[PDB]
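Numbers restart at 1 for each chain; the letters A, B, ... are given by sequence-line order, proteins then strands. Computed from heavy atoms alone, side chains included, the values below leave out hydrogens, waters and symmetry copies.
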Protein chains: 4
Amino acid sequence: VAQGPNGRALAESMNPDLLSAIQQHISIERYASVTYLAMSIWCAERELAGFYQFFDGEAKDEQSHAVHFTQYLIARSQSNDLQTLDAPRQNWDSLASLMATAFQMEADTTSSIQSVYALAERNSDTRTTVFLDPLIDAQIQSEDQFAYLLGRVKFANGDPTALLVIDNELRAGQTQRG
Amino acid sequence: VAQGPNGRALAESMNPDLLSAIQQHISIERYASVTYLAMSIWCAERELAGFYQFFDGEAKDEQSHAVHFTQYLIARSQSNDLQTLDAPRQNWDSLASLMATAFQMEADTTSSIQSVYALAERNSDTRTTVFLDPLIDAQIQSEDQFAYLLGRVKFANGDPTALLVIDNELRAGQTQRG
Amino acid sequence: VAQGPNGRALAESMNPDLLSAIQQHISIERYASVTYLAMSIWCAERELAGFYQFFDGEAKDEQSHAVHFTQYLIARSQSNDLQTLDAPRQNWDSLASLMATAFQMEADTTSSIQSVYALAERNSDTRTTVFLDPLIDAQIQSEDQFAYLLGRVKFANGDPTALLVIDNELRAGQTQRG
Amino acid sequence: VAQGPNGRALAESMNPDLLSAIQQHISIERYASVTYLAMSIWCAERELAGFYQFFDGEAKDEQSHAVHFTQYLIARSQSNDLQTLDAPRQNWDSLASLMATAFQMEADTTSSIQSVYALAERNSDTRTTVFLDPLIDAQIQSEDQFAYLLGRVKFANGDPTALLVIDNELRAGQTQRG
Ligand SMILES: [Cl-]
Ligand SMILES: [Cl-]
Ligand SMILES: [Cl-]
Ligand SMILES: [Cl-]
Ligand SMILES: [Fe+3]
Ligand SMILES: [Fe+3]
Ligand SMILES: [Fe+3]
Ligand SMILES: [Fe+3]
Ligand SMILES: [Fe+3]
Ligand SMILES: [Fe+3]
Ligand SMILES: [Fe+3]
Ligand SMILES: [Fe+3]
Ligand SMILES: [Fe+3]
């Protein structure tokens, strides 16, 4: 039995470029987390309590995704390399602008997973494509959800009255089309 | 065993300037109470039933704070001196103006506690600083809450439709960021 | 009513040096979080599942502390400034060495809070000292706990059999003196 | 409607090389089963009752996997061909050596599935890749688990006291990192 780079027994070696791609993706999830924390704060500063609660939960969920990836590297007997984390964006001129950045962050998270997925396919790493499949499914749902929240905020057309109604929807847990 | 100014057994003497400061602060709490009663009436006169219910409860809570301070003076064997109470402000041109006065009243209540706190520190009265600590913590929460309600009302920008939505939030008990 | 730096109604201005100190402390809590994540991974790589579960939970708790501080700045109408986060330490020669770093991290977190506390006292910011008081109390308990875990691991004197017994204690939730 | 090789109605023909690969993989699962039975006996002979119970259950699970594959061939209207089964390895010099063989058996089971998966992809048999996807996911978890058990036994460094502690973990159902 061979030992993997993290010292555990190795079921199958992993291409170093694929390993680097996964370590980088963990940073993307962690950056999404702190970005949603920054968004939760921006909303709290403007008394948008439902949006604050929504993004507070999204920040925790993205961190959970990051940890889920670290556990996969452990399972593959590969080293983790937790990286320096950039500061998030913290300033927006409007809730519509913030929601556009949130949607982009979600789509960019999927693009990062897709990049890892393609590298795994090039290397015939079927464990990794199988690991990523449910995460892509979750990304479809999250993109659908963020397109819903962004679209509803844009429909409001900057009317504070409409944004208060939507804020109350989010506080109530009404966060997707259903 | 020595007897304190109110006749009870005295654990430790209190500086007369600190005692006067606490008696004055009791008046501040009582004045906050009648101010919130006046605000509850102003809101009721304009059919803002959620704001009326909110300020009706705040009036009762501030009175409870006043009584809590009278009990501390009893516990310290100090005399209470219940004072003449000024009439509250009763007229405002808008809900936003009323909410600004409410926020100021809350911040001024904290400033009064801070003034007592500093005098207790000058006199090394650790019983009094310990007594005030949880009241300052409650003031942080109340200032946060009143900044939330004021900010949400200002966001409404005088639109009656938005103010009705917020009024319904308050009637439902949705009175802070959460 | 004045507006604070984050745009909310301002109960009382905050010294900019104190604000910077709190923003820096938020980074300390976030760094403790990712440090405990790195420790959880190191333990998982060596099949120390109880230590892995313990540090996984500590990472989540430190993040919660960070968010708790961001909420205080919101409550004080002060700006948050989420900072670049350094990469954590990730390599240790032994569990005893890891636990020494964990204890130091906990003590250093308290030192950071103490530094903020002293600055608040210099500025007579009683809201901030009151806010920090329960966090210092929690730090006493955490230092006591980490001294317990470190001391028990050192008592084991590197015997794998003893470290397995302690690992099972932690998996069972037996993480302090009680 | 065409009839498949096993006589049932045929939804889509299967490449004979892919069919042979699946029939061979069924033998791999059955061989893993009898290997884990042999390991359970070796552990029982040495009073390692927790390891005996663990491998007794693994033997039953691998047989279930084999039957799951036979049901897929039925579903595809393909013939099953149950093969002669080799005798398992039955002798080991130590528990650490046994656990290394167990880990290798698990990794080799995954390699067999990967071989079938690649053949299905070459033949554009999407039913088969979809069928195998959750089995690969289960293999990741099993490899992670067996790396955990092997690593913990190796950490024990042959100390009977440590092996008794681990044996009791397994009897209690504590068989993975969690
Ligand atoms: Cl907007
Ligand atoms: Cl108004
Ligand atoms: Cl050690
Ligand atoms: Cl052994
Ligand atoms: Fe994510
Ligand atoms: Fe996401
Ligand atoms: Fe009060
Ligand atoms: Fe008050
Ligand atoms: Fe902390
Ligand atoms: Fe801590
Ligand atoms: Fe199997
Ligand atoms: Fe298996
Ligand atoms: Fe799938």
Side-chain angles (χ1 to χ4, degrees), chain A residues 3-10 23 26-27 29-31 33-49 52-53 55-57 59-64 66-93, chain C residues 3-10 23 26-27 29-31 33-49 52-53 55-57 59-64 66-93:
Chain A
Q3 310 296 132
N6 75 2
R8 306 183 83 214
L10 178 65
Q23 296 172 340
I26 288 166
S27 292
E29 302 276 2
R30 294 177 60 217
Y31 187 71
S33 180
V34 73
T35 293
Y36 295 150
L37 176 60
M39 289 172 176
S40 80
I41 292 168
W42 187 98
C43 293
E45 296 173 333
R46 287 151 184 81
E47 323 311 333
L48 295 164
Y52 148 77
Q53 293 188 22
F55 281 115
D56 179 84
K60 292 169 186 172
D61 292 345
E62 295 294 343
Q63 179 67 24
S64 290
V67 174
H68 182 64
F69 273 89
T70 68
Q71 287 282 298
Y72 177 63
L73 289 185
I74 291 163
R76 292 299 308 272
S77 309
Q78 300 296 316
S79 298
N80 270 280
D81 188 19
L82 296 169
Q83 293 169 349
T84 297
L85 195 62
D86 296 351
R89 181 171 175 174
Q90 298 177 271
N91 300 314
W92 291 271
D93 287 330
Chain C
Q3 310 296 132
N6 75 2
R8 306 183 83 214
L10 178 65
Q23 296 172 340
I26 288 166
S27 292
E29 302 276 2
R30 294 177 60 217
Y31 187 71
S33 180
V34 73
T35 293
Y36 295 150
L37 176 60
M39 289 172 176
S40 80
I41 292 168
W42 187 98
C43 293
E45 296 173 333
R46 287 151 184 81
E47 323 311 333
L48 295 164
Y52 148 77
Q53 293 188 22
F55 281 115
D56 179 84
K60 292 169 186 172
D61 292 345
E62 295 294 343
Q63 179 67 24
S64 290
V67 174
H68 182 64
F69 273 89
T70 68
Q71 287 282 298
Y72 177 63
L73 289 185
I74 291 163
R76 292 299 308 272
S77 309
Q78 300 296 316
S79 298
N80 270 280
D81 188 19
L82 296 169
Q83 293 169 349
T84 297
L85 195 62
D86 296 351
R89 181 171 175 174
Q90 298 177 271
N91 300 314
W92 291 271
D93 287 330

Contact class of C:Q83 relative to chain A, heavy atoms under 4.5 angstrom:
backbone
Minimal heavy-atom distance between C:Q23 and C:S79, with the atoms involved, is NE2-O, 2.9 Å
Can you tell me which of C:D56, C:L73, C:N80 forms the most heavy-atom pairs within a distance under 4.5 Å of chain A?
C:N80
Going by heavy atoms in the side chains, are C:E62 and C:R30 under 4.5 Å from each other?
no
Check each of C:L37, C:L85, C:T35 against A:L82 using the side chain to side chain contact (heavy atoms under 4.5 Å, CB included) test, and report the only one that passes.
C:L37
Are the side chain of A:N6 and the backbone N or O of A:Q78 linked by a donor-acceptor pair below 3.5 Å?
yes
Bottom line for C:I41: the part with an atom under 4.5 Å from chain A's heavy atoms is both
